[PDB]
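Undergrad: Supplied in structure tokens, the structure appears directly below.
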Amino acid sequence: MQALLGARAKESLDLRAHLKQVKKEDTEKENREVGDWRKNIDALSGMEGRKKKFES
Amino acid sequence: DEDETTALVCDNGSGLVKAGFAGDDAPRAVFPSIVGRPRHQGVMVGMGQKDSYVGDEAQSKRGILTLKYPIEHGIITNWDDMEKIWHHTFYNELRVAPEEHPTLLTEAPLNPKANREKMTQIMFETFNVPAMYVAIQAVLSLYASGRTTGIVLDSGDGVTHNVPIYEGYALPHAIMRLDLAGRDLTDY
């Protein structure tokens with residue numbers, strides 16, 4: 001009386017935690033696309049002089 | 001007098017003509033867009049005296065001259081006076097003979113077609129320029145200002161064209177041409 005419902009619970013937890021597991025696999029093996037970037041700036045710090053080109 | 005066959009640039013406004021060579025940061029000389037003519041009877045013999053004076057000559061001798069502008073609200077109507085101004089500008093003072101140099105002229109995008117057509121004809125037929133290019137003031141202003149994008153509101157002497165450009169593209173449906181310019185401000 002104690003073994004059958006145990007086995008059924010094992011199967012159900014297996015299927016659910018296993019879909020959870022296969023998707024969490026994709027989450028963990030690649031966590032790079034969920035990252036970000038520094039996005040630096042040059043900002044042209046030279047407001048003391050101008051440029052050589054004809055347009056400037 | 002130049003040591004390179006660079007292009008020439010001549011900005012012929014309804015006010016003054018700014019001219020020099022391509023690649024510089026300034027016109028080499030500025031001439032008024034004027035041909036002057038005496039409005040008096042000569043009294044003395046052997047005085048020289050021209051039938052017409054050109055550019056800075058017209059202003060220098062202006063005490064007895066009526067001074068006319070060949071260009072009205074940005075458009076050339078008196079091509080003969082334009083040719084006189086250009087010959088003086090290019091050969092006497094800027095020292096660049098167009099025959100040896102390609103030439104760029106300037107105009108509003110809605111300047112009537114005769115302007116760009118007549119200017120092109122004169123530089124090729126009376127000056128024998130090897131090449132020509134009539135440029136638009138809105139393009140020229142954004143290049144001078146270091147922009148690709150912006151509104152060019154040219155509050156010049158002739159006509160104001162008010163032309164928007166974005167990422168180098170014209171946005172012609174948004175052009176507001178206004179018949180108000182520096183010459184009218186002077187008249188007021």
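If you're wondering about the labels, chains in the structure tokens are A, B, ... by order shown, residues count from 1 in each chain, ligands from 1 in order shown.
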Hey, what does DSSP flag as strand (DSSP E) within segment 2-188 of chain B? Can you give it to me as a count of residues only?
TA: 48
Undergrad: Among segment 19-120 of chain B, which ones does DSSP place in helix (DSSP H, G or I), written as a PyMOL selection string?
TA: chain B and resi 56-60+62-64+79-93+98-100+113-120
Undergrad: Between chain A and chain B, at 12 Å or less, what are the per-residue closest atom pairs and their distances in Å? Count only C-alpha atoms, order by chain and rising residue number, and return it as a Markdown table.
TA:
```
| residue | atom | partner | partner_atom | distance |
| --- | --- | --- | --- | --- |
| A:50 | CA | B:146 | CA | 11.8 |
| A:51 | CA | B:146 | CA | 10.8 |
| A:52 | CA | B:25 | CA | 10.1 |
| A:53 | CA | B:25 | CA | 9.1 |
| A:54 | CA | B:25 | CA | 6.0 |
| A:55 | CA | B:144 | CA | 5.1 |
| A:56 | CA | B:146 | CA | 6.2 |
```
Undergrad: As an exercise, work out the distance from atom CA of residue 9 of chain A to atom CA of residue 27 of chain A in Å and give it to one decimal place.
TA: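 About the pair atom CA of residue 9 of chain A and atom CA of residue 27 of chain A: they are 26.2 Å apart.
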Undergrad: Can you tell me, as a PDB file with C-alpha atoms, in the first residue's frame, what residues are no more than 12 Å from segment 40-43 of chain B when counting only C-alpha atoms, ignoring any on the same chain fewer than 3 positions away?
TA:
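Below you can see around39.pdb, which holds the result:
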```pdb
ATOM      1  CA  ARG B  37      27.480 103.050 -63.952  1.00  0.00           C
ATOM      2  CA  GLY B  46      41.270 112.748 -70.896  1.00  0.00           C
ATOM      3  CA  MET B  47      39.915 111.600 -67.525  1.00  0.00           C
ATOM      4  CA  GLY B  48      39.689 107.921 -68.347  1.00  0.00           C
ATOM      5  CA  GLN B  49      36.384 106.915 -66.657  1.00  0.00           C
ATOM      6  CA  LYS B  50      34.673 103.635 -67.425  1.00  0.00           C
ATOM      7  CA  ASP B  51      31.276 102.949 -68.957  1.00  0.00           C
ATOM      8  CA  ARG B  62      30.351 105.131 -56.205  1.00  0.00           C
ATOM      9  CA  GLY B  63      30.155 108.851 -55.447  1.00  0.00           C
ATOM     10  CA  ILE B  64      28.755 109.401 -58.991  1.00  0.00           C
ATOM     11  CA  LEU B  65      27.581 105.915 -59.926  1.00  0.00           C
ATOM     12  CA  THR B  66      24.259 104.218 -59.680  1.00  0.00           C
TER      13      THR B  66
END
```
Undergrad: In Å, with one decimal, what is the gap from atom CA of residue 155 of chain B to atom CA of residue 47 of chain A?
TA: 28.3 Å
Undergrad: Residues within 8 Å of residue 35 of chain B, please, as a ChimeraX atom specification. Count only C-alpha atoms; anything in the same chain fewer than 4 positions from it doesn't count.
TA: /B:52-55,58,67-70,81,84-85
Undergrad: Restricting the output to N, CA and C atoms, write the selected residues as an mmCIF file, in the first residue's frame.
TA:
```
data_model
loop_
_atom_site.group_PDB
_atom_site.id
_atom_site.type_symbol
_atom_site.label_atom_id
_atom_site.label_comp_id
_atom_site.auth_asym_id
_atom_site.auth_seq_id
_atom_site.Cartn_x
_atom_site.Cartn_y
_atom_site.Cartn_z
ATOM 1 N N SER B 52 31.282 101.298 -67.221
ATOM 2 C CA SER B 52 30.814 100.510 -66.118
ATOM 3 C C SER B 52 31.996 100.092 -65.246
ATOM 4 N N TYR B 53 31.732 99.969 -63.955
ATOM 5 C CA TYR B 53 32.719 99.595 -62.948
ATOM 6 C C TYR B 53 32.326 98.280 -62.334
ATOM 7 N N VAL B 54 33.288 97.435 -61.995
ATOM 8 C CA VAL B 54 32.889 96.138 -61.456
ATOM 9 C C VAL B 54 33.388 95.792 -60.051
ATOM 10 N N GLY B 55 32.481 95.259 -59.236
ATOM 11 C CA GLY B 55 32.840 94.806 -57.909
ATOM 12 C C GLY B 55 33.294 95.952 -57.032
ATOM 13 N N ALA B 58 33.187 99.418 -58.394
ATOM 14 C CA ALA B 58 31.901 100.060 -58.412
ATOM 15 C C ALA B 58 31.661 100.764 -57.099
ATOM 16 N N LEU B 67 24.463 102.119 -58.473
ATOM 17 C CA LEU B 67 24.966 100.754 -58.343
ATOM 18 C C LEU B 67 23.870 99.720 -58.439
ATOM 19 N N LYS B 68 24.005 98.834 -59.426
ATOM 20 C CA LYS B 68 22.996 97.824 -59.660
ATOM 21 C C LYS B 68 23.476 96.443 -59.262
ATOM 22 N N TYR B 69 22.525 95.638 -58.808
ATOM 23 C CA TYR B 69 22.756 94.257 -58.431
ATOM 24 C C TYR B 69 22.131 93.323 -59.481
ATOM 25 N N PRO B 70 22.927 92.557 -60.267
ATOM 26 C CA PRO B 70 22.510 91.628 -61.315
ATOM 27 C C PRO B 70 21.621 90.487 -60.813
ATOM 28 N N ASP B 81 26.297 91.289 -66.506
ATOM 29 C CA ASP B 81 26.995 91.866 -65.382
ATOM 30 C C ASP B 81 27.633 90.761 -64.545
ATOM 31 N N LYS B 84 30.933 89.988 -66.015
ATOM 32 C CA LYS B 84 31.930 91.009 -65.685
ATOM 33 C C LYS B 84 32.476 90.805 -64.278
ATOM 34 N N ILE B 85 31.580 90.483 -63.338
ATOM 35 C CA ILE B 85 31.976 90.273 -61.957
ATOM 36 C C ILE B 85 32.865 89.066 -61.868
#
```
Undergrad: Near residue 182 of chain B, within 7 Å and counting only C-alpha atoms, which residues show up once chain neighbours fewer than 6 positions away are dropped, as a PyMOL selection string?
TA: chain B and resi 155-158
Undergrad: Give me the residues within 12 Å of residue 77 of chain B as a VMD selection string, counting only C-alpha atoms and dropping any in the same chain fewer than 3 places off.
TA: chain B and resid 14 68 to 74 80 to 83 112 to 119
Undergrad: How many Å separate atom CA of residue 172 of chain B from atom CA of residue 133 of chain B?
TA: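 Value for the atom CA of residue 172 of chain B-atom CA of residue 133 of chain B distance: 20.6 Å.
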Undergrad: In terms of the shortest atom-to-atom distance over only C-alpha atoms, which of B:91, B:152, B:130, B:159 is closest to residue 185 of chain B?
TA: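 Residue with the minimum atom-to-atom distance to residue 185 of chain B: B:159.
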